Amino acid sequence: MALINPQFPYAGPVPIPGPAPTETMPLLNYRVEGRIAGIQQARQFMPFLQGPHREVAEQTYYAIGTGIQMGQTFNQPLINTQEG
Amino acid sequence: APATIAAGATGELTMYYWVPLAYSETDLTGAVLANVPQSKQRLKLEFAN
(Lines give C-alpha, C1' and ligand atoms only; values in the text may rest on other atoms or scores of the structure.)
Protein backbone atom coordinates (compact mmCIF):
# COMPACT_ATOMS: atom_id res chain seq x y z
CA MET A 1 0.00 0.00 0.00
CA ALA A 2 2.84 2.37 -0.87
CA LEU A 3 2.25 5.78 -2.41
CA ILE A 4 3.69 6.39 -5.86
CA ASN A 5 6.31 9.14 -5.92
CA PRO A 6 5.47 11.24 -9.00
CA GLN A 7 8.77 13.12 -8.97
CA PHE A 8 10.96 10.00 -8.75
CA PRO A 9 8.99 6.97 -9.96
CA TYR A 10 10.50 3.59 -10.74
CA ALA A 11 9.69 0.72 -13.06
CA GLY A 12 9.20 -3.00 -12.56
CA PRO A 13 11.96 -5.48 -11.78
CA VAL A 14 14.72 -6.03 -14.34
CA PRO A 15 16.41 -9.42 -14.89
CA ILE A 16 19.30 -10.22 -12.55
CA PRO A 17 21.72 -13.21 -12.35
CA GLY A 18 20.02 -16.44 -11.37
CA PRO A 19 20.73 -19.45 -9.13
CA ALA A 20 21.33 -22.20 -11.78
CA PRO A 21 17.72 -23.31 -12.34
CA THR A 22 18.01 -27.09 -11.81
CA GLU A 23 19.63 -26.58 -8.42
CA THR A 24 16.37 -25.12 -7.07
CA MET A 25 14.46 -28.24 -8.20
CA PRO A 26 14.54 -31.23 -5.82
CA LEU A 27 14.40 -34.97 -6.40
CA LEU A 28 11.26 -36.81 -5.28
CA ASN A 29 12.95 -39.03 -2.66
CA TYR A 30 12.14 -42.64 -3.56
CA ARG A 31 10.78 -44.75 -0.63
CA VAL A 32 11.64 -48.47 -0.41
CA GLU A 33 9.42 -51.00 1.36
CA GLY A 34 9.86 -51.58 5.08
CA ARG A 35 8.97 -53.94 7.87
CA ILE A 36 8.49 -53.81 11.63
CA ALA A 37 11.10 -56.45 12.31
CA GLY A 38 10.91 -59.57 14.42
CA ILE A 39 8.22 -61.92 15.68
CA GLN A 40 6.37 -60.18 18.50
CA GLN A 41 5.71 -61.89 21.81
CA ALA A 42 2.08 -62.22 22.86
CA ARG A 43 2.37 -61.07 26.47
CA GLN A 44 4.73 -59.11 28.72
CA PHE A 45 5.86 -59.77 32.30
CA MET A 46 4.60 -56.45 33.59
CA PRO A 47 6.14 -54.69 36.63
CA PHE A 48 2.72 -53.59 37.93
CA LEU A 49 -0.55 -55.46 38.29
CA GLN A 50 -3.28 -54.50 35.84
CA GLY A 51 -6.24 -54.77 38.20
CA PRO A 52 -7.96 -52.55 40.75
CA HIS A 53 -6.89 -52.02 44.33
CA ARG A 54 -8.76 -51.12 47.50
CA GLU A 55 -8.29 -47.87 49.42
CA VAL A 56 -9.46 -49.11 52.83
CA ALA A 57 -9.53 -52.53 54.46
CA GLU A 58 -12.84 -53.92 55.71
CA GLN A 59 -13.12 -56.34 58.62
CA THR A 60 -14.43 -59.76 57.59
CA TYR A 61 -16.24 -62.21 59.85
CA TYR A 62 -17.07 -65.88 60.07
CA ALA A 63 -19.82 -67.43 62.17
CA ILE A 64 -19.02 -69.69 65.12
CA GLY A 65 -21.21 -71.74 67.43
CA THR A 66 -21.34 -71.74 71.20
CA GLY A 67 -21.69 -75.22 72.68
CA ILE A 68 -24.16 -77.50 74.39
CA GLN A 69 -26.21 -75.37 76.78
CA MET A 70 -26.52 -76.91 80.24
CA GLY A 71 -28.92 -76.49 83.13
CA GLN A 72 -28.24 -74.57 86.31
CA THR A 73 -28.74 -74.67 90.07
CA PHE A 74 -30.60 -71.44 90.77
CA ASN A 75 -30.87 -69.86 94.18
CA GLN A 76 -34.57 -70.01 94.65
CA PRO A 77 -36.74 -67.35 96.33
CA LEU A 78 -38.77 -67.67 99.49
CA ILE A 79 -42.50 -68.32 99.59
CA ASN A 80 -44.78 -65.27 99.49
CA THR A 81 -46.55 -65.85 102.80
CA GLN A 82 -47.48 -62.14 102.98
CA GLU A 83 -43.85 -61.09 103.62
CA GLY A 84 -42.55 -59.71 100.33
CA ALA B 1 36.69 -6.11 27.73
CA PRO B 2 39.89 -5.93 29.79
CA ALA B 3 39.25 -5.15 33.44
CA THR B 4 42.22 -2.77 33.64
CA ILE B 5 44.26 -0.96 31.00
CA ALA B 6 47.66 -0.06 32.42
CA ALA B 7 49.72 3.01 31.57
CA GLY B 8 51.03 2.71 28.03
CA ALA B 9 48.89 -0.31 27.16
CA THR B 10 46.09 -1.12 24.73
CA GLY B 11 42.82 -2.92 25.35
CA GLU B 12 40.65 -4.67 22.77
CA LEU B 13 36.96 -4.94 23.59
CA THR B 14 33.87 -6.33 21.87
CA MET B 15 30.16 -5.85 22.57
CA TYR B 16 26.95 -7.12 20.98
CA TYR B 17 23.53 -5.46 20.91
CA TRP B 18 20.25 -6.95 19.78
CA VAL B 19 18.08 -4.09 18.54
CA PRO B 20 14.57 -5.59 18.60
CA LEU B 21 11.76 -4.95 16.17
CA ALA B 22 9.55 -7.99 16.69
CA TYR B 23 8.92 -9.10 20.26
CA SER B 24 10.37 -12.62 20.09
CA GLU B 25 11.10 -15.36 17.57
CA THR B 26 7.53 -16.67 17.88
CA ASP B 27 5.70 -13.36 18.42
CA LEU B 28 5.80 -11.04 15.41
CA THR B 29 4.34 -8.01 17.18
CA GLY B 30 6.37 -4.94 16.28
CA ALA B 31 7.83 -6.29 13.05
CA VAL B 32 8.28 -4.17 9.93
CA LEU B 33 7.13 -5.27 6.49
CA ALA B 34 9.75 -3.96 4.06
CA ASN B 35 9.19 -5.66 0.69
CA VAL B 36 7.76 -2.68 -1.19
CA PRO B 37 8.40 0.16 1.28
CA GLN B 38 7.84 3.90 1.07
CA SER B 39 11.48 4.95 1.50
CA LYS B 40 14.71 3.79 3.11
CA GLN B 41 14.97 2.67 6.72
CA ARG B 42 17.28 4.34 9.21
CA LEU B 43 19.29 2.93 12.12
CA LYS B 44 20.79 5.92 13.91
CA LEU B 45 23.76 4.89 16.06
CA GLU B 46 25.60 7.32 18.32
CA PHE B 47 28.83 5.81 19.62
CA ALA B 48 31.07 6.65 22.55
CA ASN B 49 33.41 9.62 22.23
# chains A, B, ... in the order shown; residues from 1 in each chain; ligands from 1
$ interface_residues --of "chain B" --to "chain A" --cutoff "8 Å" --atoms "only C-alpha atoms" --output "list in words"
residues 36, 37 and 38 of chain B
$ residues_around --residues "residue 12 of chain B" --least-positions-apart "5" --cutoff "12 Å" --atoms "only C-alpha atoms" --output "ChimeraX atom specification"
/B:1-5
$ write_last_selection --atoms "N, CA, C and O atoms" --output "mmCIF file, in the first residue's frame"
data_model
loop_
_atom_site.group_PDB
_atom_site.id
_atom_site.type_symbol
_atom_site.label_atom_id
_atom_site.label_comp_id
_atom_site.auth_asym_id
_atom_site.auth_seq_id
_atom_site.Cartn_x
_atom_site.Cartn_y
_atom_site.Cartn_z
ATOM 1 N N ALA B 1 35.999 -7.374 27.514
ATOM 2 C CA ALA B 1 36.687 -6.115 27.734
ATOM 3 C C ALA B 1 37.724 -6.358 28.810
ATOM 4 O O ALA B 1 37.443 -7.111 29.750
ATOM 5 N N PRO B 2 38.919 -5.779 28.710
ATOM 6 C CA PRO B 2 39.893 -5.934 29.794
ATOM 7 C C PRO B 2 39.462 -5.158 31.024
ATOM 8 O O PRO B 2 38.931 -4.051 30.928
ATOM 9 N N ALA B 3 39.687 -5.759 32.192
ATOM 10 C CA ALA B 3 39.251 -5.155 33.443
ATOM 11 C C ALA B 3 40.094 -3.953 33.830
ATOM 12 O O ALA B 3 39.641 -3.121 34.620
ATOM 13 N N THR B 4 41.302 -3.844 33.290
ATOM 14 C CA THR B 4 42.219 -2.774 33.640
ATOM 15 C C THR B 4 43.169 -2.573 32.474
ATOM 16 O O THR B 4 43.787 -3.533 32.009
ATOM 17 N N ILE B 5 43.264 -1.340 31.990
ATOM 18 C CA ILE B 5 44.261 -0.964 31.001
ATOM 19 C C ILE B 5 45.339 -0.170 31.719
ATOM 20 O O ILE B 5 45.067 0.898 32.276
#
$ atom_distance --atom1 "atom CA of residue 13 of chain B" --atom2 "atom CA of residue 45 of chain B"
18.1 Å
$ atom_distance --atom1 "atom CA of residue 42 of chain B" --atom2 "atom CA of residue 11 of chain A"
23.8 Å
$ atom_distance --atom1 "atom CA of residue 48 of chain B" --atom2 "atom CA of residue 16 of chain B"
14.5 Å
$ residues_around --residues "segment 31-35 of chain B" --least-positions-apart "2" --cutoff "8 Å" --atoms "only C-alpha atoms" --output "short mmCIF file (atom, residue, chain, number, x, y, z; two decimals) with N, CA and C atoms, in the first residue's frame"
data_model
loop_
_atom_site.label_atom_id
_atom_site.label_comp_id
_atom_site.auth_asym_id
_atom_site.auth_seq_id
_atom_site.Cartn_x
_atom_site.Cartn_y
_atom_site.Cartn_z
N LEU B 21 12.93 -5.48 16.85
CA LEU B 21 11.76 -4.95 16.17
C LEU B 21 10.53 -5.79 16.49
N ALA B 22 10.57 -7.08 16.20
CA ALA B 22 9.55 -7.99 16.69
C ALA B 22 9.81 -8.31 18.16
N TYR B 23 8.79 -8.84 18.83
CA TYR B 23 8.92 -9.10 20.26
C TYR B 23 9.83 -10.29 20.53
N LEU B 28 5.41 -11.99 16.44
CA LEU B 28 5.80 -11.04 15.41
C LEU B 28 5.25 -9.65 15.65
N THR B 29 4.86 -9.33 16.88
CA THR B 29 4.34 -8.01 17.18
C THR B 29 5.48 -7.00 17.19
N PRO B 37 8.55 -0.88 0.26
CA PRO B 37 8.40 0.16 1.28
C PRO B 37 8.14 1.52 0.65
#
$ decode --residues "segment 14-25 of chain B" --atoms "N, CA, C and O atoms" --output "PDB file, in the first residue's frame"
ATOM      1  N   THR B  14      34.955  -5.998  22.782  1.00  0.00           N
ATOM      2  CA  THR B  14      33.873  -6.330  21.869  1.00  0.00           C
ATOM      3  C   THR B  14      32.558  -6.306  22.639  1.00  0.00           C
ATOM      4  O   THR B  14      32.518  -6.619  23.829  1.00  0.00           O
ATOM      5  N   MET B  15      31.479  -5.924  21.960  1.00  0.00           N
ATOM      6  CA  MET B  15      30.163  -5.854  22.571  1.00  0.00           C
ATOM      7  C   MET B  15      29.118  -6.129  21.502  1.00  0.00           C
ATOM      8  O   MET B  15      29.279  -5.714  20.355  1.00  0.00           O
ATOM      9  N   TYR B  16      28.059  -6.840  21.875  1.00  0.00           N
ATOM     10  CA  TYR B  16      26.951  -7.120  20.981  1.00  0.00           C
ATOM     11  C   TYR B  16      25.674  -6.496  21.515  1.00  0.00           C
ATOM     12  O   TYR B  16      25.454  -6.432  22.725  1.00  0.00           O
ATOM     13  N   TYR B  17      24.832  -6.039  20.596  1.00  0.00           N
ATOM     14  CA  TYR B  17      23.534  -5.465  20.915  1.00  0.00           C
ATOM     15  C   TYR B  17      22.498  -6.090  20.004  1.00  0.00           C
ATOM     16  O   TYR B  17      22.692  -6.133  18.789  1.00  0.00           O
ATOM     17  N   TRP B  18      21.402  -6.555  20.573  1.00  0.00           N
ATOM     18  CA  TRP B  18      20.248  -6.955  19.783  1.00  0.00           C
ATOM     19  C   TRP B  18      19.248  -5.809  19.818  1.00  0.00           C
ATOM     20  O   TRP B  18      18.639  -5.543  20.854  1.00  0.00           O
ATOM     21  N   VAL B  19      19.091  -5.127  18.689  1.00  0.00           N
ATOM     22  CA  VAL B  19      18.081  -4.086  18.535  1.00  0.00           C
ATOM     23  C   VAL B  19      16.788  -4.770  18.101  1.00  0.00           C
ATOM     24  O   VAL B  19      16.731  -5.289  16.978  1.00  0.00           O
ATOM     25  N   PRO B  20      15.757  -4.811  18.939  1.00  0.00           N
ATOM     26  CA  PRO B  20      14.570  -5.593  18.599  1.00  0.00           C
ATOM     27  C   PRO B  20      13.541  -4.801  17.815  1.00  0.00           C
ATOM     28  O   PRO B  20      13.300  -3.617  18.054  1.00  0.00           O
ATOM     29  N   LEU B  21      12.930  -5.476  16.850  1.00  0.00           N
ATOM     30  CA  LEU B  21      11.758  -4.951  16.175  1.00  0.00           C
ATOM     31  C   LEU B  21      10.531  -5.789  16.494  1.00  0.00           C
ATOM     32  O   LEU B  21       9.560  -5.274  17.047  1.00  0.00           O
ATOM     33  N   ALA B  22      10.571  -7.083  16.201  1.00  0.00           N
ATOM     34  CA  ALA B  22       9.552  -7.993  16.690  1.00  0.00           C
ATOM     35  C   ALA B  22       9.813  -8.305  18.158  1.00  0.00           C
ATOM     36  O   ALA B  22      10.901  -8.063  18.683  1.00  0.00           O
ATOM     37  N   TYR B  23       8.794  -8.844  18.826  1.00  0.00           N
ATOM     38  CA  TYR B  23       8.919  -9.100  20.257  1.00  0.00           C
ATOM     39  C   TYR B  23       9.828 -10.289  20.531  1.00  0.00           C
ATOM     40  O   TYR B  23      10.788 -10.183  21.301  1.00  0.00           O
ATOM     41  N   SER B  24       9.550 -11.429  19.909  1.00  0.00           N
ATOM     42  CA  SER B  24      10.365 -12.619  20.088  1.00  0.00           C
ATOM     43  C   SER B  24      10.449 -13.342  18.752  1.00  0.00           C
ATOM     44  O   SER B  24      10.021 -12.826  17.717  1.00  0.00           O
ATOM     45  N   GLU B  25      11.007 -14.552  18.775  1.00  0.00           N
ATOM     46  CA  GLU B  25      11.101 -15.363  17.570  1.00  0.00           C
ATOM     47  C   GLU B  25       9.777 -16.010  17.201  1.00  0.00           C
ATOM     48  O   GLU B  25       9.603 -16.421  16.050  1.00  0.00           O
TER      49      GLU B  25
END
